[PDB]
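**Student:** Please find my_file.pdb (PDB, C-alpha atoms (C1' of nucleotides)) on the next line:
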MODEL        1
ATOM      1  CA  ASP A   1     105.665-108.897 196.003
ATOM      2  CA  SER A   2     107.939-111.730 197.112
ATOM      3  CA  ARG A   3     105.252-112.976 199.512
ATOM      4  CA  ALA A   4     102.820-113.493 196.617
ATOM      5  CA  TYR A   5     104.931-116.317 195.158
ATOM      6  CA  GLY A   6     105.324-118.645 198.134
ATOM      7  CA  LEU A   7     101.716-118.058 199.180
ATOM      8  CA  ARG A   8      99.451-120.918 200.249
ATOM      9  CA  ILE A   9      95.956-120.770 198.738
ATOM     10  CA  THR A  10      93.146-122.962 200.065
ATOM     11  CA  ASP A  11      90.101-120.650 199.935
ATOM     12  CA  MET A  12      88.204-120.470 196.655
ATOM     13  CA  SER A  13      87.566-116.758 197.221
ATOM     14  CA  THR A  14      91.287-115.970 197.407
ATOM     15  CA  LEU A  15      92.131-118.113 194.375
ATOM     16  CA  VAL A  16      89.519-116.410 192.192
ATOM     17  CA  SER A  17      90.770-112.924 193.074
ATOM     18  CA  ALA A  18      94.386-114.013 192.587
ATOM     19  CA  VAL A  19      93.635-115.604 189.207
ATOM     20  CA  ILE A  20      91.870-112.544 187.772
ATOM     21  CA  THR A  21      94.821-110.310 188.648
ATOM     22  CA  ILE A  22      97.079-112.669 186.707
ATOM     23  CA  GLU A  23      94.461-112.840 183.944
ATOM     24  CA  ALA A  24      93.847-109.086 183.841
ATOM     25  CA  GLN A  25      97.533-108.143 183.748
ATOM     26  CA  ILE A  26      98.060-110.517 180.820
ATOM     27  CA  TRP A  27      95.066-109.141 178.907
ATOM     28  CA  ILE A  28      96.408-105.574 179.154
ATOM     29  CA  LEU A  29      99.323-106.493 176.886
ATOM     30  CA  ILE A  30      97.213-107.533 173.876
ATOM     31  CA  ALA A  31      96.167-103.931 173.197
ATOM     32  CA  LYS A  32      99.718-102.834 172.301
ATOM     33  CA  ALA A  33     101.535-106.128 171.750
ATOM     34  CA  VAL A  34     101.878-105.994 167.954
ATOM     35  CA  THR A  35     101.271-102.306 167.156
ATOM     36  CA  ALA A  36     104.034-100.785 169.311
ATOM     37  CA  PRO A  37     105.253-103.234 171.969
ATOM     38  CA  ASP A  38     108.341-101.136 172.725
ATOM     39  CA  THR A  39     106.340 -97.948 173.399
ATOM     40  CA  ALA A  40     104.119 -99.815 175.890
ATOM     41  CA  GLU A  41     104.135 -99.731 179.738
ATOM     42  CA  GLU A  42     102.495 -96.264 179.718
ATOM     43  CA  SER A  43      98.958 -97.179 178.657
ATOM     44  CA  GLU A  44      99.379-100.596 180.284
ATOM     45  CA  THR A  45     100.154 -98.950 183.623
ATOM     46  CA  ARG A  46      97.197 -96.629 183.028
ATOM     47  CA  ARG A  47      94.914 -99.620 182.433
ATOM     48  CA  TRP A  48      96.218-101.355 185.562
TER      49      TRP A  48
ATOM     50  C1'   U B   1      32.185 -72.391 203.025
ATOM     51  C1'   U B   2      28.544 -68.333 202.948
ATOM     52  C1'   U B   3      26.617 -62.952 203.059
ATOM     53  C1'   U B   4      22.988 -58.833 196.161
ATOM     54  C1'   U B   5      18.584 -58.793 193.490
ATOM     55  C1'   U B   6      14.720 -61.677 191.359
ATOM     56  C1'   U B   7       5.087 -60.754 191.497
ATOM     57  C1'   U B   8       1.826 -56.940 189.311
ATOM     58  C1'   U B   9       0.210 -51.745 187.704
ATOM     59  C1'   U B  10      -0.277 -48.964 179.368
ATOM     60  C1'   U B  11      -3.249 -49.552 175.219
ATOM     61  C1'   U B  12      -6.022 -52.902 172.206
ATOM     62  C1'   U B  13     -14.881 -52.361 168.392
ATOM     63  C1'   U B  14     -16.844 -49.114 164.493
ATOM     64  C1'   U B  15     -17.526 -44.324 161.490
ATOM     65  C1'   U B  16     -14.529 -43.069 153.326
ATOM     66  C1'   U B  17     -15.598 -44.445 148.482
ATOM     67  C1'   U B  18     -17.070 -48.345 145.247
ATOM     68  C1'   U B  19     -23.602 -48.854 138.146
ATOM     69  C1'   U B  20     -23.765 -46.422 133.229
ATOM     70  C1'   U B  21     -23.050 -42.236 129.465
ATOM     71  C1'   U B  22     -17.051 -42.230 123.095
ATOM     72  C1'   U B  23     -16.134 -44.468 118.558
ATOM     73  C1'   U B  24     -16.320 -48.927 115.737
ATOM     74  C1'   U B  25     -19.520 -50.864 106.817
ATOM     75  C1'   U B  26     -17.638 -49.287 101.953
ATOM     76  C1'   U B  27     -15.319 -45.791  98.080
ATOM     77  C1'   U B  28      -7.236 -46.694  94.750
ATOM     78  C1'   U B  29      -4.624 -49.586  91.442
ATOM     79  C1'   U B  30      -3.901 -54.493  89.578
ATOM     80  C1'   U B  31      -3.284 -58.020  80.591
ATOM     81  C1'   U B  32       0.450 -57.266  76.668
ATOM     82  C1'   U B  33       4.136 -54.331  73.579
ATOM     83  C1'   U B  34      12.854 -55.454  73.857
ATOM     84  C1'   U B  35      16.488 -58.874  72.436
ATOM     85  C1'   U B  36      17.762 -63.950  71.919
ATOM     86  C1'   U B  37      21.827 -68.960  64.704
ATOM     87  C1'   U B  38      26.809 -68.695  62.475
ATOM     88  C1'   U B  39      31.575 -66.241  60.582
ATOM     89  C1'   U B  40      39.398 -66.961  64.584
ATOM     90  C1'   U B  41      43.171 -70.396  65.324
ATOM     91  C1'   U B  42      44.427 -75.451  66.238
ATOM     92  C1'   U B  43      50.820 -81.442  62.154
ATOM     93  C1'   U B  44      56.271 -81.373  62.162
ATOM     94  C1'   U B  45      61.497 -79.084  61.970
ATOM     95  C1'   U B  46      67.025 -78.794  68.812
ATOM     96  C1'   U B  47      70.110 -81.905  71.491
ATOM     97  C1'   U B  48      70.693 -86.661  73.695
ATOM     98  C1'   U B  49      77.977 -93.029  73.597
ATOM     99  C1'   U B  50      83.033 -92.736  75.723
ATOM    100  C1'   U B  51      87.904 -90.306  77.301
ATOM    101  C1'   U B  52      90.299 -88.630  85.616
ATOM    102  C1'   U B  53      91.936 -91.132  89.787
ATOM    103  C1'   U B  54      91.439 -95.414  92.860
ATOM    104  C1'   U B  55      97.953-101.406  96.732
ATOM    105  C1'   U B  56     101.656-100.546 100.605
ATOM    106  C1'   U B  57     105.633 -97.707 103.530
ATOM    107  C1'   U B  58     104.547 -94.564 111.646
ATOM    108  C1'   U B  59     104.318 -96.220 116.519
ATOM    109  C1'   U B  60     102.522 -99.912 119.816
ATOM    110  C1'   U B  61     106.683-104.927 126.951
ATOM    111  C1'   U B  62     108.623-103.297 131.842
ATOM    112  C1'   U B  63     111.162 -99.835 135.552
ATOM    113  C1'   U B  64     107.054 -95.383 141.889
ATOM    114  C1'   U B  65     104.822 -96.201 146.447
ATOM    115  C1'   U B  66     101.736 -99.376 149.329
ATOM    116  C1'   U B  67     102.589-102.895 158.299
ATOM    117  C1'   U B  68     102.439-100.378 163.127
ATOM    118  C1'   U B  69     103.414 -96.250 166.927
ATOM    119  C1'   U B  70      97.232 -90.958 170.234
ATOM    120  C1'   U B  71      93.363 -91.017 173.564
ATOM    121  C1'   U B  72      89.322 -93.839 175.490
ATOM    122  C1'   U B  73      86.395 -95.714 184.516
ATOM    123  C1'   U B  74      84.421 -92.430 188.425
ATOM    124  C1'   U B  75      84.010 -87.682 191.455
ATOM    125  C1'   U B  76      77.184 -82.145 191.107
ATOM    126  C1'   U B  77      72.194 -81.826 192.542
ATOM    127  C1'   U B  78      67.642 -84.398 193.141
ATOM    128  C1'   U B  79      61.250 -84.782 200.397
ATOM    129  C1'   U B  80      58.022 -80.971 202.595
ATOM    130  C1'   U B  81      56.528 -75.807 204.437
ATOM    131  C1'   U B  82      50.584 -70.669 200.454
ATOM    132  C1'   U B  83      45.576 -70.342 199.666
ATOM    133  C1'   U B  84      41.469 -73.236 198.687
TER     134        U B  84
ENDMDL
END
Now, as a test, write the supplied structure out as structure tokens.

**Tutor:**
Amino acid sequence: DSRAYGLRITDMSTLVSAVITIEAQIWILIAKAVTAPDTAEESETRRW
RNA sequence: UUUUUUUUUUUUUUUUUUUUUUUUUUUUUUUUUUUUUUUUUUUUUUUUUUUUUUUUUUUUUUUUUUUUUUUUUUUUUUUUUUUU
């Protein structure tokens, strides 16, 4: 979402929720990062 | 919840028998008579050293493979209604 980039954050509640989504989406990749990175994006989408 | 019954009535002394009578000493036999020394045999005569063989002759490095590829949240139900 283009609005998610230039978004002003001042509430701690919004920052925490925003951070986890960035954290969670990164942590999905570790499951299939070295085994079969090319064949990913199927289980990763399922996890998301 | 509960509804019955739940005293007693007979009999219950005794009657026989219960001393004793036989037998119960003894009579045989019961010493002994044989046999019972000895007569053979009983030294020895073979054999008994030795004669083979007995070193050795092969082989004995190595040649493959040896990462991974899926899945992995959840979706129902869950008071009671008698009798006593």

**Student:** For chain A, which residues have at least one atom within 10 Å of chain B, if we go by only C-alpha atoms (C1' of nucleotides)? Write them as a PyMOL selection string, please.

**Tutor:** chain A and resi 32+34-40+43+47

**Student:** Show me, as an NGL selection string, the residues that have an atom within 10 Å of residue 45 in chain A when counting only C-alpha atoms (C1' of nucleotides), minus same-chain residues fewer than 3 positions from it.

**Tutor:** :A and (25 or 28 or 40-42 or 48)

**Student:** Distance CA of residue 1 in chain A-CA of residue 23 in chain A, one decimal place?

**Tutor:**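 CA of residue 23 in chain A lies 16.9 Å from CA of residue 1 in chain A.
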
**Student:** When you count only C-alpha atoms (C1' of nucleotides), which of these residues is closest to residue 46 in chain A: B:72, B:52, B:64, B:19?

**Tutor:** B:72

**Student:** Just the number, please: distance in Å from CA of residue 5 in chain A to CA of residue 22 in chain A, one decimal.

**Tutor:** 12.1 Å

**Student:** Could you tell me how far CA of residue 16 in chain A sits from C1' of residue 74 in chain B, in Å to one decimal place?

**Tutor:**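 CA of residue 16 in chain A lies 24.8 Å from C1' of residue 74 in chain B.
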
**Student:** Hey, could you pull the box centre and edge lengths for range 18-35 of chain B, axis-aligned, 3 Å padding per side, all listed atoms, to one decimal in Å, as AutoDock Vina command-line options?

**Tutor:**
--center_x -3.6 --center_y -50.6 --center_z 108.8 --size_x 46.3 --size_y 22.6 --size_z 78.8

**Student:** Would you mind completing range 16-32 of chain A so that it carries N, CA, C and O atoms, and writing it out as a PDB file, keeping the file's coordinate frame?

**Tutor:**
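Result written to result-v7.pdb:
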ATOM      1  N   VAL A  16      90.196-117.111 193.279  1.00  0.00           N
ATOM      2  CA  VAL A  16      89.519-116.410 192.192  1.00  0.00           C
ATOM      3  C   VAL A  16      90.085-115.007 192.035  1.00  0.00           C
ATOM      4  O   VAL A  16      90.429-114.583 190.926  1.00  0.00           O
ATOM      5  N   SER A  17      90.223-114.275 193.142  1.00  0.00           N
ATOM      6  CA  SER A  17      90.770-112.924 193.074  1.00  0.00           C
ATOM      7  C   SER A  17      92.208-112.941 192.572  1.00  0.00           C
ATOM      8  O   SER A  17      92.610-112.088 191.773  1.00  0.00           O
ATOM      9  N   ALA A  18      93.003-113.905 193.040  1.00  0.00           N
ATOM     10  CA  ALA A  18      94.386-114.013 192.587  1.00  0.00           C
ATOM     11  C   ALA A  18      94.459-114.318 191.098  1.00  0.00           C
ATOM     12  O   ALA A  18      95.305-113.764 190.385  1.00  0.00           O
ATOM     13  N   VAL A  19      93.589-115.205 190.611  1.00  0.00           N
ATOM     14  CA  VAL A  19      93.635-115.604 189.207  1.00  0.00           C
ATOM     15  C   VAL A  19      93.324-114.420 188.300  1.00  0.00           C
ATOM     16  O   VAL A  19      94.029-114.177 187.314  1.00  0.00           O
ATOM     17  N   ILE A  20      92.282-113.653 188.630  1.00  0.00           N
ATOM     18  CA  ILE A  20      91.870-112.544 187.772  1.00  0.00           C
ATOM     19  C   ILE A  20      92.999-111.536 187.621  1.00  0.00           C
ATOM     20  O   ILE A  20      93.240-111.010 186.528  1.00  0.00           O
ATOM     21  N   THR A  21      93.707-111.250 188.714  1.00  0.00           N
ATOM     22  CA  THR A  21      94.821-110.310 188.648  1.00  0.00           C
ATOM     23  C   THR A  21      95.894-110.800 187.689  1.00  0.00           C
ATOM     24  O   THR A  21      96.481-110.007 186.944  1.00  0.00           O
ATOM     25  N   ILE A  22      96.171-112.103 187.698  1.00  0.00           N
ATOM     26  CA  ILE A  22      97.079-112.669 186.707  1.00  0.00           C
ATOM     27  C   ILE A  22      96.448-112.618 185.322  1.00  0.00           C
ATOM     28  O   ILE A  22      97.118-112.300 184.332  1.00  0.00           O
ATOM     29  N   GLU A  23      95.151-112.928 185.227  1.00  0.00           N
ATOM     30  CA  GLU A  23      94.461-112.840 183.944  1.00  0.00           C
ATOM     31  C   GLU A  23      94.419-111.408 183.433  1.00  0.00           C
ATOM     32  O   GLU A  23      94.750-111.147 182.271  1.00  0.00           O
ATOM     33  N   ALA A  24      94.012-110.466 184.286  1.00  0.00           N
ATOM     34  CA  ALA A  24      93.847-109.086 183.841  1.00  0.00           C
ATOM     35  C   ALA A  24      95.166-108.503 183.358  1.00  0.00           C
ATOM     36  O   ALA A  24      95.227-107.885 182.290  1.00  0.00           O
ATOM     37  N   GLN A  25      96.242-108.715 184.118  1.00  0.00           N
ATOM     38  CA  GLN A  25      97.533-108.143 183.748  1.00  0.00           C
ATOM     39  C   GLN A  25      98.039-108.704 182.427  1.00  0.00           C
ATOM     40  O   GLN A  25      98.737-108.005 181.685  1.00  0.00           O
ATOM     41  N   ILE A  26      97.706-109.957 182.119  1.00  0.00           N
ATOM     42  CA  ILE A  26      98.060-110.517 180.820  1.00  0.00           C
ATOM     43  C   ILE A  26      97.242-109.860 179.714  1.00  0.00           C
ATOM     44  O   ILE A  26      97.777-109.501 178.658  1.00  0.00           O
ATOM     45  N   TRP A  27      95.940-109.684 179.938  1.00  0.00           N
ATOM     46  CA  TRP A  27      95.066-109.141 178.907  1.00  0.00           C
ATOM     47  C   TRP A  27      95.318-107.666 178.619  1.00  0.00           C
ATOM     48  O   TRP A  27      94.820-107.165 177.607  1.00  0.00           O
ATOM     49  N   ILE A  28      96.053-106.954 179.475  1.00  0.00           N
ATOM     50  CA  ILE A  28      96.408-105.574 179.154  1.00  0.00           C
ATOM     51  C   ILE A  28      97.365-105.535 177.969  1.00  0.00           C
ATOM     52  O   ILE A  28      97.310-104.623 177.137  1.00  0.00           O
ATOM     53  N   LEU A  29      98.253-106.526 177.875  1.00  0.00           N
ATOM     54  CA  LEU A  29      99.323-106.493 176.886  1.00  0.00           C
ATOM     55  C   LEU A  29      98.819-106.621 175.454  1.00  0.00           C
ATOM     56  O   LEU A  29      99.480-106.123 174.539  1.00  0.00           O
ATOM     57  N   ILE A  30      97.671-107.269 175.238  1.00  0.00           N
ATOM     58  CA  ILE A  30      97.213-107.533 173.876  1.00  0.00           C
ATOM     59  C   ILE A  30      96.905-106.239 173.134  1.00  0.00           C
ATOM     60  O   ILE A  30      97.003-106.185 171.902  1.00  0.00           O
ATOM     61  N   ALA A  31      96.538-105.178 173.856  1.00  0.00           N
ATOM     62  CA  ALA A  31      96.167-103.931 173.197  1.00  0.00           C
ATOM     63  C   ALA A  31      97.326-103.363 172.389  1.00  0.00           C
ATOM     64  O   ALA A  31      97.138-102.908 171.255  1.00  0.00           O
ATOM     65  N   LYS A  32      98.533-103.388 172.947  1.00  0.00           N
ATOM     66  CA  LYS A  32      99.718-102.834 172.301  1.00  0.00           C
ATOM     67  C   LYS A  32     100.845-103.857 172.284  1.00  0.00           C
ATOM     68  O   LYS A  32     101.987-103.572 172.647  1.00  0.00           O
TER      69      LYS A  32
END
